[PDB]
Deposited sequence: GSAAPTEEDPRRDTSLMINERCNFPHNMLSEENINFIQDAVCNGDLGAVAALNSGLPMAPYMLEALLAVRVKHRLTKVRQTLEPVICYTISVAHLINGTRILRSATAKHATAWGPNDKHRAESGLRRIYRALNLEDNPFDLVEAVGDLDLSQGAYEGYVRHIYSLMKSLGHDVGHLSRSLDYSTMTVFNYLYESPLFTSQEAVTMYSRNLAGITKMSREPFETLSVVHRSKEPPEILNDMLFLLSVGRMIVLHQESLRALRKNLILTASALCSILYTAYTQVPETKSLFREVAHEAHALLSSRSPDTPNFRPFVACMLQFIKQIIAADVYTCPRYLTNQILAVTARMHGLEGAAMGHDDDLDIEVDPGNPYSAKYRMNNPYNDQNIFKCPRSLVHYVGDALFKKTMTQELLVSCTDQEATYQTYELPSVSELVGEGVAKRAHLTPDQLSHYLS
């Protein structure tokens, strides 16, 4: 069973979701990425639940040396594309996990837990309603406060029954619980059986197993405290992971929408170097603006922006020029502050073959700015924003040069 064991699954598409990319674009990305990095792409593509800042920190994907010239534009495009695959797949994970969590226990399984818990409260002379805890375990509308309360409640019952939670947990290795889920934080399960079974549930979440969650009270048909209390710790701790997963994916969606504006901006610099890509760059811009201004209550759909970015970057690759957005922007800035003109350099600028429809007022316009640290005190660093409207003239001048 590859979907619940400790194995790393990778399908035919490098774990890209189906119906997000063309076969060609899937092949393009696989061929462009360093071979040593393909496993990390497949893992991040999988939707492995994680915070958005962990995704960003783990996204250290290199292109092959032969793509060095476009590395500063192609790597951001690919990293965005992976983040989109992560979001699409992770959304399927979240929905599937939510269903598994809500249906792990049917009426008869809730009754078995609640009966066993009645037995516990009685033996301990406790006034608590066993129905309450069994309902909470099924409840995703649960504060971080109540969660840790219920967990602490379960720990006491365990200790009161003579279970050395401490000793038992210090002898167990929980590392397996988070191999496929970076948002999950494991309670102190008190048996290796439990750890092993719940680790298979967590693996199955990420690897899209179709089986329901295994729980010990169901598997053994047992009302006994060891089975039902660990089971409740599992179900509560999955509910908390799910709440955090939902919030991570919302924050990832917002990041991708904002980053869409930033990527369009650095892809503009590359468009100015290869102005025959105008119609391709226009689509990159319209799809970025569509994401940022979308009104749909529907989720944002990043597939058209990604497709546009990749069809653009393939023509940039064909131009055989160095795309260095920061360098180019810094050179434009230096020149403007008045050979310096980067567009006079063949390694930078690829002159279009017909000029009427590509440069001059036919140049797609985006305002270029750069901010600079212009004063510093012991309390503030002042930045000044510089506008570089001069781009069209410099490009004009590099066209002229080639004549």
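For this session: Please list, in sequence order, every stretch of the deposited sequence that lacks C-alpha coordinates.
Result: Coordinates drop out over 1-8, 347-376, 442-453.
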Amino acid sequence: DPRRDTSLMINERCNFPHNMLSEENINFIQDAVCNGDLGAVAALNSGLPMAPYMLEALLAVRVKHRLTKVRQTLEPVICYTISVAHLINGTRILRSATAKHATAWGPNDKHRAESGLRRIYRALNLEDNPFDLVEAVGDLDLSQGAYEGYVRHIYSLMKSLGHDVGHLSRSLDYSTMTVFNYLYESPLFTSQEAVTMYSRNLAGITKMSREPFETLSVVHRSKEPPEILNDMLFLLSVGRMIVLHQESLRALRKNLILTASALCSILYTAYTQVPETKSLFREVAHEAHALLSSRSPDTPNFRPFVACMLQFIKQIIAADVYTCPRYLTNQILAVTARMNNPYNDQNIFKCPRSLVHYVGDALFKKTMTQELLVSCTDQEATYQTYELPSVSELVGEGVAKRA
From here on, numbers count along this sequence of modelled residues.
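For this session: Pick between 174-182 and 128-136: the one whose mean CA B-factor in the entry is higher.
Result: So the stretch with the higher mean C-alpha B-factor is 128-136.
For this session: Can you let me know which of the two, 155-163 or 204-212, has the higher average C-alpha B-factor in the entry?
Result: Taking the mean C-alpha B-factor of 155-163 and of 204-212, the larger value falls to 155-163.
Exercise. Of the choices 44, 351, 67, 26, which one's C-alpha carries the largest B-factor in the record?
Worked result: Highest C-alpha B-factor among the listed residues goes to 351.
For this session: Using the entry's values, work out which of 240, 303, 220, 101 has the largest Cα B factor.
Result: In this record, 220 carries the highest C-alpha B-factor of the candidates.
For this session: Quick one: classify residue 20 as lowest, middle or highest third of the chain based on its Cα B-factor.
Result: Its C-alpha B-factor, which the entry lists for residue 20, ranks in the middle third among residues of this chain.
Problem set entry | residue 392 CA temperature factor, ranked by third within the chain | For residue 392, the deposited C-alpha B-factor lands in the highest third.
Exercise. Taking the entry's C-alpha B-factors for this chain, is residue 199 in the lowest, middle or highest third?
Worked result: Tercile = lowest for this residue's CA B-factor.
For this session: Could you say whether, by C-alpha temperature factor, residue 370 belongs to the lowest, middle or highest third of its chain?
Result: Lowest third.
Exercise. Split the chain's modelled residues into thirds by Cα B-factor; is residue 250 in the lowest, middle or highest one?
Worked result: Ranked within chain, residue 250 CA B lands in the middle tercile.
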